[PDB]
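Notes for the one structure printed next.
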Amino acid sequence: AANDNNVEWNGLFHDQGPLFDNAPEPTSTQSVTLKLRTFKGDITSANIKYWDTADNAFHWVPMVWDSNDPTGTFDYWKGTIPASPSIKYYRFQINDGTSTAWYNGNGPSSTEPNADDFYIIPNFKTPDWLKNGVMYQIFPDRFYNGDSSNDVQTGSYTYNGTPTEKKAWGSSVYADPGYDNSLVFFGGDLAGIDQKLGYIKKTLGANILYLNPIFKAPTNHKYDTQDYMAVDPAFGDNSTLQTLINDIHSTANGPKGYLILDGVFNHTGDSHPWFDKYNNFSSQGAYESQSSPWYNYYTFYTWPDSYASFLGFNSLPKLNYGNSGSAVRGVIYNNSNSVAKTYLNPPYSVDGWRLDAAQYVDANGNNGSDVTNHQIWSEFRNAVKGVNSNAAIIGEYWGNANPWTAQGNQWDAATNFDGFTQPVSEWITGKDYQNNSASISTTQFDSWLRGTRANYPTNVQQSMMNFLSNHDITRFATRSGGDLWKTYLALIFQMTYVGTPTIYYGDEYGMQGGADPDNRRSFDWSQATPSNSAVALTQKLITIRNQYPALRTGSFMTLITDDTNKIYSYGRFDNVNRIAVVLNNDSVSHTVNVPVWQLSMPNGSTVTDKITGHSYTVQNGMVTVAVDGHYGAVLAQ
Ligand SMILES: C[C@H]1O[C@H](O[C@H]2[C@H](O)[C@@H](O)[C@@H](O)O[C@@H]2CO)[C@H](O)[C@@H](O)[C@@H]1N[C@H]1C=C(CO)[C@@H](O[C@H]2O[C@H](CO)[C@@H](O[C@@H]3O[C@H](CO)[C@@H](O)[C@H](O)[C@H]3O)[C@H](O)[C@H]2O)[C@H](O)[C@H]1O
Ligand SMILES: OC[C@H]1O[C@H](O[C@H]2[C@H](O)[C@@H](O)[C@@H](O[C@H]3[C@H](O)[C@@H](O)[C@@H](O[C@H]4[C@H](O)[C@@H](O)[C@@H](O)O[C@@H]4CO)O[C@@H]3CO)O[C@@H]2CO)[C@H](O)[C@@H](O)[C@@H]1O
Ligand SMILES: C[C@H]1O[C@H](O[C@H]2[C@H](O)[C@@H](O)[C@@H](O)O[C@@H]2CO)[C@H](O)[C@@H](O)[C@@H]1N[C@@H]1C=C(CO)[C@@H](O)[C@H](O)[C@H]1O
Ligand SMILES: C[C@H]1O[C@H](O[C@H]2[C@H](O)[C@@H](O)[C@@H](O)O[C@@H]2CO)[C@H](O)[C@@H](O)[C@@H]1N[C@H]1C=C(CO)[C@@H](O)[C@H](O)[C@H]1O
Ligand SMILES: OC[C@H]1O[C@H](O[C@H]2[C@H](O)[C@@H](O)[C@@H](O)O[C@@H]2CO)[C@H](O)[C@@H](O)[C@@H]1O
Ligand SMILES: [Ca+2]
Ligand SMILES: [Ca+2]
Ligand SMILES: [Ca+2]
């Protein structure tokens with residue numbers, strides 16, 4: 001507002017959105033010009049302080065006033081960080097006489113921060129389609145039986161002494177007395193996925209599909225791989241995969257699509273020939289003979305009964321990656337005919353992988369989260385991106401996955417449990433994703449989101465897998481107590497936040513379910529139509545996100561965090577649009593004066609709540625909109 005020995009925090013802003021960063025994914029030779037925003041005439045000077053990993057030192061770049069925003073309310077200060085190959089971390093020092101403030105990935109600060117700085121990873125690139133798409137996850141057996149001839153039947157076969165049980169579509173997922181939950185089948189398959197492709201890409205609008213394991217394995221989840229080179233017979237054959245991939249990539253049935261596979265590379269099933277615990281193959285596996293040609297693919301403490309595994313499960317023997325150039329690293333990703341490259345190269349050309357239990361991948365039976373583990377995911381990236389630079393790499397991780405993403409040498413993104421799923425669950429349903437009592441206020445929710453968003457490079461943020469539920473946690477509908485309205489707010493949010501909106505099959509209509517395996521129920525297709533309130537909004541929302549780049553790659557600015565009325569409003573914006581999102585997490589209606597001036601929405605200009613179609617006019621920097629309890633508006637211009 002003026003030069004008064006006071007830096008006004010409310011006027012301050014910056015992130016790597018279009019208005020502030022002219023190069024968010026630069027090469028070794030591209031300069032990064034940054035723009036800081038402040039209330040007009042509020043400061044005396046500003047500077048950029050960045051740490052360059054090339055010489056391990058802090059560098060200084062004084063900023064200069066660049067311009068005013070259309071409403072003459074803000075000042076934009078600029079500075080440029082020189083182009084080089086090295087990773088850089090920056091923050092801002094803001095001065096107004098005797099007052100000094102700092103700003104970085106975590107927003108304003110009275111004292112100088114030492115963490116949460118903004119990133120500059122030269123030559124690091126996350127595929128843009130992932131950044132701008134909407135994903136739909138499918139647990140094969142439970143989506144749609146499109147071919148009843150490949151169905152696993154009761155007794156069809158046995159695993160570790162247990163016969164398989166077949167369920168009627170819609171029945172409980174729990175095994176009946178005498179059977180195992182891992183050996184319960186409903187019939188979902190690849191042909192089913194292909195036949196319902198119209199529901200995916202059109203009825204909903206999603207353009208990205210992510211499949212849980214689909215390779216030869218005895219269980220129903222299939223994380224106990226028996227053969228990476230073959231599609232499990234129950235889901236079809238490799239030929240079926242090809243037709244599906246072609247039908248997904250096809251733009252003759254809707255938006256061009258991308259397929260992402262589940263890569264279970266940390267371990268193998270105990271029935272995989274390399275191990276062959278039950279001797280299902282003539283060859284000799286590691287378990288049967290210390291002279292086995294694959295003996296060293298695993299780690300034994302006391303051969304053959306005690307060996308390394310995934311969290312103690314004997315059915316999932318841990319793979320030993322050894323050192324660079326090892327046979328294992330070759331069969332998984334180095335060899336041209338490896339698991340990762342085989343499916344990434346024709347005649348399959350899938351578009352990416354979901355790294356299951358990626359934090360554990362290691363050598364000699366160790367648990368990862370160490371140097372070797374990271375060295376491995378670095379070679380993995382060179383192998384993948386070497387075959388196709390636009391093939392996505394998303395690792396599974398429940399906490400801060402900064403160690404595997406913050407240097408642009410490993411994954412493109414990660415399963416956003418901590419930055420999306422948990423905060424959303426606790427804010428809307430008052431439970432954590434495992435359905436335990438855990439509630440947070442709007443203020444707390446907005447902070448939680450900013451802190452976790454700051455853990456990652458901007459392009460990683462835009463590529464994070466944001467789901468309300470997934471195959472390992474309780475369903476949102478159950479955590480909601482059945483209140484379909486909470487699902488409405490959740491959807492509206494999910495489709496307007498930073499990151500790849502990811503729909504866990506069934507969530508779009510309000511499916512319920514507890515802990516594994518009850519969170520993997522068969523899909524109720526009578527509810528899969530626009531006649532369902534939730535399904536309709538999902539589609540409405542998806543259409544809206546695809547309409548505005550500002551929602552996929554724009555900036556994010558908090559506008560309202562009211563704990564009294566439980567209202568949360570934020571804005572997504574770029575060079576073309578300004579979107580004010582208003583959310584009501586209360587159980588009663590509220591009239592909100594949305595301060596759209598913060599997004600520089602001109603007075604007299606009109607805005608439209610793309611959810612209702614109702615138009616509004618910006619007067620005195622505000623927009624008054626009434627919103628029902630557990631719902632929201634999407635004011636766009
Ligand atoms: C399931 C999940 O467990 C870990 O995740 C931790 C996480 O790291 C922690 O930070 C914290 O948040 O807690 C979670 C767990 O809630 C692990 O790190 C993850 O990698 C793992 N998820 C992936 C890996 C698994 C192995 O490939 C997959 O699970 C499959 O295999 C499991 C083991 O048999 C099956 O688990 C069943 O669990 C029930 C318990 O209700 C048991 O009774 C039953 O015997 C088990 O079979 C599961 O059904 C399979 O899907 C998982 O799907 C991957 O996503
Ligand atoms: O889970 C891993 C950790 O991830 C997060 O740490 C991030 C920070 O949030 C980022 O801001 C950034 O930090 C840079 C920092 O910006 C830069 O100035 C420089 O900082 C130190 C340097 O590390 C240290 O060796 C010494 O030289 O002093 C410098 C300044 O005094 O380097 C930092 C990182 O190299 O990156 C880190 C990690 O990528 C999160 O905040 C942590 O909680 C988490 O543990
Ligand atoms: C910012 C912070 O938000 C979340 O933390 C939650 C806690 O989980 C909850 O128990 C309670 O304390 O409220 C907090 C909200 O502030 C999130 O779970 C954290 O991960 C996140 N923590 C920062 C980000 C990183 C990711 O974990 C950490 O590495 C870092 O040290 C934190 O500053
Ligand atoms: C340098 C000056 O730039 C900005 O001023 C511009 C206005 O915003 C425009 O509307 C138009 O009038 O052009 C002006 C440029 O001449 C900015 O708003 C100012 O705050 C800024 N001046 C600050 C910096 C100085 C250097 O320390 C101080 O002397 C001065 O008091 C500050 O206000
Ligand atoms: O009745 C269903 C409806 O209830 C709520 O609406 C509130 C309204 O917002 C309050 O201001 C007041 O009028 O009571 C109404 C009902 O008691 C919810 O806001 C909404 O979710 C729900 O559909
Ligand atoms: Ca001032
Ligand atoms: Ca079938
Ligand atoms: Ca054998």
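Chain labels follow the order of the structure tokens: the first chain is A, the next B, and so on; residue numbering restarts at 1 in every chain, and ligands are counted from 1 in their shown order.
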Q: Identify, on the basis of only C-alpha atoms, every residue whose closest approach to region 98-111 of chain A does not exceed 7 Å; exclude the query and any residue fewer than 4 positions from it along the same chain; express the result as a list in words.
A: residues 5, 6, 7, 9, 91, 92, 93, 94, 116, 117, 118, 450, 451 and 454 of chain A
Q. Within 12 Å of residue 342 (chain A), counting only C-alpha atoms, which residues qualify if same-chain residues fewer than 3 places away don't, as a PyMOL selection string?
A. chain A and resi 228-230+238+330-339+345-352+383-384+387-388
Let's have the selection written as an mmCIF file, in the first residue's frame, with N, CA and C atoms.
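File out.cif, as written:
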data_model
loop_
_atom_site.group_PDB
_atom_site.id
_atom_site.type_symbol
_atom_site.label_atom_id
_atom_site.label_comp_id
_atom_site.auth_asym_id
_atom_site.auth_seq_id
_atom_site.Cartn_x
_atom_site.Cartn_y
_atom_site.Cartn_z
ATOM 1 N N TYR A 228 6.525 -61.975 -15.953
ATOM 2 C CA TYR A 228 6.344 -60.610 -16.424
ATOM 3 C C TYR A 228 6.087 -60.519 -17.921
ATOM 4 N N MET A 229 6.514 -61.538 -18.656
ATOM 5 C CA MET A 229 6.374 -61.544 -20.108
ATOM 6 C C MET A 229 5.035 -62.042 -20.632
ATOM 7 N N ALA A 230 4.168 -62.501 -19.736
ATOM 8 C CA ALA A 230 2.853 -62.976 -20.159
ATOM 9 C C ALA A 230 1.697 -62.339 -19.400
ATOM 10 N N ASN A 238 -1.317 -61.672 -24.424
ATOM 11 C CA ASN A 238 -0.615 -60.465 -24.831
ATOM 12 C C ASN A 238 -1.311 -59.773 -25.986
ATOM 13 N N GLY A 330 19.215 -56.097 -15.507
ATOM 14 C CA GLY A 330 19.066 -56.307 -16.929
ATOM 15 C C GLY A 330 17.696 -56.845 -17.293
ATOM 16 N N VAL A 331 17.196 -57.810 -16.527
ATOM 17 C CA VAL A 331 15.891 -58.393 -16.829
ATOM 18 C C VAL A 331 14.728 -57.480 -16.505
ATOM 19 N N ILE A 332 14.938 -56.544 -15.579
ATOM 20 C CA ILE A 332 13.888 -55.603 -15.193
ATOM 21 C C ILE A 332 13.855 -54.348 -16.066
ATOM 22 N N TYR A 333 15.011 -53.714 -16.279
ATOM 23 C CA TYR A 333 15.045 -52.492 -17.092
ATOM 24 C C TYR A 333 16.199 -52.256 -18.070
ATOM 25 N N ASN A 334 17.372 -52.839 -17.837
ATOM 26 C CA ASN A 334 18.483 -52.584 -18.761
ATOM 27 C C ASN A 334 18.378 -53.246 -20.118
ATOM 28 N N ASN A 335 18.093 -54.545 -20.140
ATOM 29 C CA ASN A 335 17.993 -55.264 -21.404
ATOM 30 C C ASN A 335 16.880 -54.706 -22.278
ATOM 31 N N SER A 336 17.099 -54.749 -23.588
ATOM 32 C CA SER A 336 16.127 -54.272 -24.562
ATOM 33 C C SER A 336 14.859 -55.121 -24.435
ATOM 34 N N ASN A 337 15.047 -56.389 -24.074
ATOM 35 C CA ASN A 337 13.943 -57.324 -23.904
ATOM 36 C C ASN A 337 13.600 -57.504 -22.424
ATOM 37 N N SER A 338 13.808 -56.443 -21.645
ATOM 38 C CA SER A 338 13.516 -56.444 -20.216
ATOM 39 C C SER A 338 12.019 -56.214 -20.011
ATOM 40 N N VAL A 339 11.563 -56.329 -18.770
ATOM 41 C CA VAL A 339 10.154 -56.120 -18.469
ATOM 42 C C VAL A 339 9.722 -54.687 -18.789
ATOM 43 N N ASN A 345 8.294 -50.592 -25.623
ATOM 44 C CA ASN A 345 8.618 -50.647 -27.047
ATOM 45 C C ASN A 345 7.517 -51.388 -27.801
ATOM 46 N N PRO A 346 7.406 -51.153 -29.116
ATOM 47 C CA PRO A 346 6.378 -51.846 -29.896
ATOM 48 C C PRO A 346 6.560 -53.357 -29.790
ATOM 49 N N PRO A 347 5.508 -54.132 -30.082
ATOM 50 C CA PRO A 347 4.167 -53.712 -30.501
ATOM 51 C C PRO A 347 3.220 -53.421 -29.339
ATOM 52 N N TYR A 348 3.775 -52.985 -28.208
ATOM 53 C CA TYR A 348 2.972 -52.666 -27.028
ATOM 54 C C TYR A 348 2.913 -51.157 -26.805
ATOM 55 N N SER A 349 4.086 -50.529 -26.738
ATOM 56 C CA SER A 349 4.196 -49.087 -26.530
ATOM 57 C C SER A 349 3.315 -48.540 -25.412
ATOM 58 N N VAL A 350 3.365 -49.130 -24.219
ATOM 59 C CA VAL A 350 2.547 -48.595 -23.127
ATOM 60 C C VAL A 350 3.123 -47.223 -22.821
ATOM 61 N N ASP A 351 2.414 -46.425 -22.039
ATOM 62 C CA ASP A 351 2.887 -45.082 -21.766
ATOM 63 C C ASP A 351 3.579 -44.824 -20.435
ATOM 64 N N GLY A 352 3.678 -45.834 -19.573
ATOM 65 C CA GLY A 352 4.334 -45.617 -18.290
ATOM 66 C C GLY A 352 4.227 -46.722 -17.254
ATOM 67 N N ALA A 383 17.012 -45.784 -18.681
ATOM 68 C CA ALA A 383 16.513 -46.879 -19.501
ATOM 69 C C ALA A 383 15.152 -46.507 -20.093
ATOM 70 N N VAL A 384 14.212 -46.139 -19.230
ATOM 71 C CA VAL A 384 12.881 -45.755 -19.682
ATOM 72 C C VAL A 384 12.939 -44.587 -20.665
ATOM 73 N N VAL A 387 14.066 -45.068 -24.111
ATOM 74 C CA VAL A 387 13.184 -45.699 -25.078
ATOM 75 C C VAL A 387 12.072 -44.749 -25.517
ATOM 76 N N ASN A 388 11.579 -43.953 -24.573
ATOM 77 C CA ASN A 388 10.505 -42.997 -24.833
ATOM 78 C C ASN A 388 10.482 -41.954 -23.721
#
Q: Could you give me, as a ChimeraX atom specification, the residues within 8 Å of residue 567 (chain A), counting only C-alpha atoms and dropping anything in the same chain fewer than 2 positions from it?
A: /A:442,560-565,569,582-586
**Q.** strand (DSSP E or B) positions in region 439-577 of chain A, given as number ranges by chain
**A.** A: 465-467, 500-504, 555-562, 567-573
Residues from the last selection, C-alpha atoms, saved as a short mmCIF file (atom, residue, chain, number, x, y, z; two decimals), in the first residue's frame:
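Dumped everything to result03.cif:
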data_model
loop_
_atom_site.label_atom_id
_atom_site.label_comp_id
_atom_site.auth_asym_id
_atom_site.auth_seq_id
_atom_site.Cartn_x
_atom_site.Cartn_y
_atom_site.Cartn_z
CA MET A 465 -1.11 -39.05 -8.53
CA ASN A 466 -4.02 -37.50 -6.62
CA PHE A 467 -6.63 -40.06 -5.59
CA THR A 500 -3.17 -35.47 -11.87
CA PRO A 501 -6.75 -36.06 -10.71
CA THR A 502 -6.92 -39.84 -10.23
CA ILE A 503 -10.25 -41.73 -9.99
CA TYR A 504 -10.17 -45.06 -8.14
CA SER A 555 -0.57 -20.92 -10.26
CA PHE A 556 -2.28 -21.62 -6.94
CA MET A 557 -3.11 -18.82 -4.52
CA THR A 558 -5.06 -19.21 -1.29
CA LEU A 559 -7.97 -16.76 -1.13
CA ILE A 560 -10.04 -17.79 1.90
CA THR A 561 -9.53 -20.01 4.96
CA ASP A 562 -12.51 -19.39 7.21
CA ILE A 567 -15.19 -22.04 3.72
CA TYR A 568 -12.07 -22.65 1.61
CA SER A 569 -11.42 -20.58 -1.51
CA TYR A 570 -8.36 -20.65 -3.79
CA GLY A 571 -7.49 -19.53 -7.27
CA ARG A 572 -5.94 -21.22 -10.28
CA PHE A 573 -4.63 -18.86 -12.93
#
Q.
Taking only C-alpha atoms into account, name the residue in A:191, A:316, A:244, A:252 that is nearest to residue 222 (chain A).
A.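 Between A:191, A:316, A:244, A:252, the residue approaching residue 222 (chain A) most closely is A:316.
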Per-residue nearest contacts of chain A to ligand 5 (10 Å; only C-alpha atoms and all ligand atoms) as CSV:
residue,atom,partner,partner_atom_place_in_ligand_line,distance
A:483,CA,ligand 5,21 (O),9.6
A:484,CA,ligand 5,21 (O),9.6
A:485,CA,ligand 5,21 (O),6.5
A:486,CA,ligand 5,21 (O),8.8
A:488,CA,ligand 5,21 (O),9.8
A:584,CA,ligand 5,19 (O),8.6
A:585,CA,ligand 5,21 (O),9.2
A:586,CA,ligand 5,19 (O),7.1
A:587,CA,ligand 5,19 (O),4.9
A:588,CA,ligand 5,9 (O),3.4
A:589,CA,ligand 5,9 (O),2.9
A:590,CA,ligand 5,9 (O),6.6
A:591,CA,ligand 5,11 (O),9.3
A:626,CA,ligand 5,9 (O),9.2
A:627,CA,ligand 5,19 (O),7.8
A:628,CA,ligand 5,19 (O),4.2
A:629,CA,ligand 5,19 (O),3.3
A:630,CA,ligand 5,21 (O),5.4
A:631,CA,ligand 5,21 (O),7.1
Find the residues around residue 419 (chain A) up to 12 Å (only C-alpha atoms counted), leave out those fewer than 4 positions away in its own chain, and share them as a compact mmCIF listing (two decimals) with N, CA and C atoms, in the first residue's frame.
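New file around10.txt:
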# COMPACT_ATOMS: atom_id res chain seq x y z
N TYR A 397 4.72 -44.36 -2.77
CA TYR A 397 5.32 -43.90 -1.53
C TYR A 397 4.26 -43.14 -0.76
N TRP A 398 4.14 -43.45 0.52
CA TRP A 398 3.12 -42.84 1.37
C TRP A 398 3.52 -41.56 2.10
N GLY A 399 4.81 -41.25 2.14
CA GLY A 399 5.26 -40.04 2.82
C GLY A 399 5.76 -38.99 1.85
N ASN A 400 6.81 -38.28 2.25
CA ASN A 400 7.43 -37.25 1.40
C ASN A 400 8.37 -37.96 0.42
N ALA A 401 8.00 -38.01 -0.86
CA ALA A 401 8.82 -38.68 -1.87
C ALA A 401 9.83 -37.73 -2.51
N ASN A 402 10.30 -36.78 -1.73
CA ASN A 402 11.28 -35.82 -2.22
C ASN A 402 12.60 -36.49 -2.59
N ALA A 413 6.97 -38.51 -10.69
CA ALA A 413 6.06 -38.16 -9.60
C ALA A 413 5.89 -39.32 -8.62
N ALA A 414 4.84 -39.25 -7.81
CA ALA A 414 4.57 -40.29 -6.82
C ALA A 414 3.11 -40.33 -6.37
N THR A 415 2.73 -41.43 -5.73
CA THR A 415 1.39 -41.61 -5.18
C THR A 415 1.27 -40.56 -4.06
N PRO A 423 -4.71 -35.31 3.64
CA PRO A 423 -5.29 -34.02 4.00
C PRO A 423 -6.77 -33.90 3.60
N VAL A 424 -7.13 -34.41 2.42
CA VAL A 424 -8.53 -34.35 1.96
C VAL A 424 -9.44 -35.16 2.88
N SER A 425 -9.05 -36.40 3.14
CA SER A 425 -9.82 -37.29 4.00
C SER A 425 -10.13 -36.66 5.35
N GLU A 426 -9.09 -36.18 6.02
CA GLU A 426 -9.24 -35.58 7.34
C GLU A 426 -10.07 -34.29 7.35
N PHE A 445 -5.91 -27.32 6.88
CA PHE A 445 -5.95 -28.01 5.60
C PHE A 445 -5.12 -27.27 4.53
N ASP A 446 -5.30 -25.95 4.46
CA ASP A 446 -4.59 -25.13 3.50
C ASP A 446 -3.09 -25.14 3.76
N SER A 447 -2.71 -25.17 5.04
CA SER A 447 -1.31 -25.20 5.42
C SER A 447 -0.72 -26.55 5.04
N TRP A 448 -1.41 -27.63 5.42
CA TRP A 448 -0.99 -28.99 5.12
C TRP A 448 -0.66 -29.11 3.63
N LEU A 449 -1.58 -28.63 2.80
CA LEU A 449 -1.40 -28.69 1.36
C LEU A 449 -0.19 -27.91 0.88
N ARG A 450 0.03 -26.72 1.42
CA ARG A 450 1.15 -25.90 0.99
C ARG A 450 2.50 -26.51 1.37
N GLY A 451 2.57 -27.08 2.57
CA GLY A 451 3.80 -27.69 3.03
C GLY A 451 4.21 -28.90 2.22
N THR A 452 3.23 -29.72 1.84
CA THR A 452 3.51 -30.92 1.06
C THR A 452 3.72 -30.57 -0.40
N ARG A 453 3.09 -29.50 -0.84
CA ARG A 453 3.25 -29.08 -2.22
C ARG A 453 4.69 -28.58 -2.38
N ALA A 454 5.21 -27.94 -1.34
CA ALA A 454 6.57 -27.39 -1.36
C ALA A 454 7.68 -28.45 -1.29
N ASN A 455 7.30 -29.70 -1.03
CA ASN A 455 8.29 -30.77 -0.97
C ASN A 455 8.79 -31.12 -2.36
N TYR A 456 8.06 -30.69 -3.38
CA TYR A 456 8.43 -31.07 -4.73
C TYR A 456 8.64 -29.99 -5.77
N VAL A 460 6.76 -31.81 -10.75
CA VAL A 460 6.47 -33.04 -10.02
C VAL A 460 5.10 -32.87 -9.37
N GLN A 461 4.86 -31.66 -8.85
CA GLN A 461 3.59 -31.33 -8.23
C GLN A 461 2.45 -31.56 -9.22
N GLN A 462 2.64 -31.06 -10.43
CA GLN A 462 1.63 -31.15 -11.47
C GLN A 462 1.41 -32.57 -11.98
N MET A 464 1.75 -35.33 -9.72
CA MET A 464 1.43 -36.19 -8.58
C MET A 464 0.12 -36.95 -8.80
N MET A 465 0.09 -38.22 -8.39
CA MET A 465 -1.11 -39.05 -8.53
C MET A 465 -2.06 -38.75 -7.38
N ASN A 466 -3.05 -37.90 -7.64
CA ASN A 466 -4.02 -37.50 -6.62
C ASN A 466 -5.31 -38.31 -6.62
N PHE A 467 -5.44 -39.24 -5.68
CA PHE A 467 -6.63 -40.06 -5.59
C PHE A 467 -7.31 -39.93 -4.23
N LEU A 468 -8.63 -40.09 -4.23
CA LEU A 468 -9.42 -40.01 -3.01
C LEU A 468 -9.32 -41.34 -2.28
N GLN A 494 -10.69 -32.18 -5.97
CA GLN A 494 -9.78 -33.01 -6.74
C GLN A 494 -9.58 -32.56 -8.19
N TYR A 497 -7.43 -28.98 -8.20
CA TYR A 497 -6.16 -28.85 -7.47
C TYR A 497 -4.96 -29.13 -8.37
N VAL A 498 -3.77 -28.97 -7.78
CA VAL A 498 -2.49 -29.19 -8.47
C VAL A 498 -2.15 -30.67 -8.45
N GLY A 499 -2.04 -31.26 -9.63
CA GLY A 499 -1.73 -32.68 -9.73
C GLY A 499 -2.72 -33.44 -10.59
Would you mind listing, for every residue of chain A within 7 Å of ligand 7, the two atoms forming the shortest contact and the distance between them in Å to one decimal, using only C-alpha atoms and all ligand atoms, sorted by chain and ascending residue number, as a Markdown table?
| residue | atom | partner | partner_atom_place_in_ligand_line | distance |
| --- | --- | --- | --- | --- |
| A:145 | CA | ligand 7 | 1 (Ca) | 4.4 |
| A:146 | CA | ligand 7 | 1 (Ca) | 5.6 |
| A:147 | CA | ligand 7 | 1 (Ca) | 4.3 |
| A:148 | CA | ligand 7 | 1 (Ca) | 4.3 |
| A:149 | CA | ligand 7 | 1 (Ca) | 6.3 |
| A:150 | CA | ligand 7 | 1 (Ca) | 5.0 |
| A:151 | CA | ligand 7 | 1 (Ca) | 4.4 |
| A:187 | CA | ligand 7 | 1 (Ca) | 4.0 |
| A:188 | CA | ligand 7 | 1 (Ca) | 5.2 |
| A:189 | CA | ligand 7 | 1 (Ca) | 5.0 |
| A:234 | CA | ligand 7 | 1 (Ca) | 6.3 |
| A:235 | CA | ligand 7 | 1 (Ca) | 6.5 |
Could you turn the residues from that selection into a file that holds N, CA and C atoms, as a JSON list (two decimals), in the first residue's frame?
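And here is the file that came out, again-v7.json:
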[["chain", "number", "residue", "atom", "x", "y", "z"],
["A", 145, "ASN", "N", -16.30, -58.05, -16.42],
["A", 145, "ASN", "CA", -16.09, -59.34, -17.05],
["A", 145, "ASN", "C", -16.55, -59.22, -18.51],
["A", 146, "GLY", "N", -15.60, -58.96, -19.40],
["A", 146, "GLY", "CA", -15.94, -58.81, -20.81],
["A", 146, "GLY", "C", -15.82, -60.10, -21.60],
["A", 147, "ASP", "N", -15.33, -61.14, -20.94],
["A", 147, "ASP", "CA", -15.15, -62.43, -21.58],
["A", 147, "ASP", "C", -15.28, -63.48, -20.48],
["A", 148, "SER", "N", -16.37, -64.22, -20.47],
["A", 148, "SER", "CA", -16.59, -65.23, -19.44],
["A", 148, "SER", "C", -15.86, -66.55, -19.69],
["A", 149, "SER", "N", -15.20, -66.66, -20.84],
["A", 149, "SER", "CA", -14.48, -67.89, -21.15],
["A", 149, "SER", "C", -13.14, -68.00, -20.44],
["A", 150, "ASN", "N", -12.54, -66.87, -20.08],
["A", 150, "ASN", "CA", -11.25, -66.88, -19.38],
["A", 150, "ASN", "C", -11.41, -66.76, -17.86],
["A", 151, "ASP", "N", -12.64, -66.88, -17.38],
["A", 151, "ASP", "CA", -12.91, -66.77, -15.95],
["A", 151, "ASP", "C", -12.28, -67.86, -15.10],
["A", 187, "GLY", "N", -14.00, -62.17, -12.24],
["A", 187, "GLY", "CA", -14.03, -62.26, -13.69],
["A", 187, "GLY", "C", -13.59, -61.06, -14.49],
["A", 188, "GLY", "N", -13.35, -59.93, -13.82],
["A", 188, "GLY", "CA", -12.91, -58.74, -14.53],
["A", 188, "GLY", "C", -11.73, -59.08, -15.40],
["A", 189, "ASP", "N", -11.65, -58.49, -16.59],
["A", 189, "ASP", "CA", -10.55, -58.78, -17.51],
["A", 189, "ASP", "C", -10.22, -57.62, -18.48],
["A", 234, "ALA", "N", -6.31, -65.21, -17.16],
["A", 234, "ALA", "CA", -7.61, -64.78, -16.68],
["A", 234, "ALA", "C", -7.99, -63.40, -17.20],
["A", 235, "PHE", "N", -6.99, -62.61, -17.60],
["A", 235, "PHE", "CA", -7.24, -61.26, -18.12],
["A", 235, "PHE", "C", -7.14, -61.26, -19.64]]
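Near residue 54 (chain A), within 12 Å and counting only C-alpha atoms, sit residues 50, 51, 52, 56, 57, 58, 59, 84, 85, 86, 87, 88 and 89 of chain A; same-chain residues fewer than 2 positions away were not included.
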Could you please take those selected residues and save N, CA and C atoms as a short mmCIF file (atom, residue, chain, number, x, y, z; two decimals), in the first residue's frame?
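The file below, out_17.cif, is the result:
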data_model
loop_
_atom_site.label_atom_id
_atom_site.label_comp_id
_atom_site.auth_asym_id
_atom_site.auth_seq_id
_atom_site.Cartn_x
_atom_site.Cartn_y
_atom_site.Cartn_z
N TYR A 50 19.83 -17.56 -4.33
CA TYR A 50 19.80 -18.96 -4.73
C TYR A 50 21.08 -19.72 -4.42
N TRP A 51 20.90 -21.00 -4.13
CA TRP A 51 22.00 -21.88 -3.82
C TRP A 51 22.30 -22.65 -5.10
N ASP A 52 23.53 -22.57 -5.57
CA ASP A 52 23.91 -23.29 -6.77
C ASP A 52 24.73 -24.49 -6.35
N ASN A 56 28.36 -24.95 -4.46
CA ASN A 56 27.86 -25.00 -3.09
C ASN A 56 27.92 -23.65 -2.37
N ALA A 57 27.32 -22.63 -2.98
CA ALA A 57 27.34 -21.30 -2.40
C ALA A 57 26.07 -20.53 -2.73
N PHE A 58 25.80 -19.47 -1.97
CA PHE A 58 24.62 -18.64 -2.21
C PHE A 58 24.99 -17.53 -3.16
N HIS A 59 24.07 -17.20 -4.07
CA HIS A 59 24.32 -16.14 -5.04
C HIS A 59 23.19 -15.12 -4.98
N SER A 84 22.56 -22.71 -16.67
CA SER A 84 23.65 -23.66 -16.49
C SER A 84 23.04 -25.04 -16.27
N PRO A 85 23.87 -26.08 -16.21
CA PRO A 85 23.35 -27.44 -16.01
C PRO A 85 22.95 -27.77 -14.57
N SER A 86 23.54 -27.07 -13.62
CA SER A 86 23.32 -27.32 -12.20
C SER A 86 21.97 -27.04 -11.56
N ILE A 87 21.64 -27.87 -10.58
CA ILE A 87 20.40 -27.72 -9.82
C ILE A 87 20.56 -26.47 -8.96
N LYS A 88 19.48 -25.71 -8.81
CA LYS A 88 19.53 -24.48 -8.02
C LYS A 88 18.30 -24.34 -7.12
N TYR A 89 18.50 -23.70 -5.97
CA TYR A 89 17.42 -23.48 -5.01
C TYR A 89 17.36 -21.99 -4.73
#
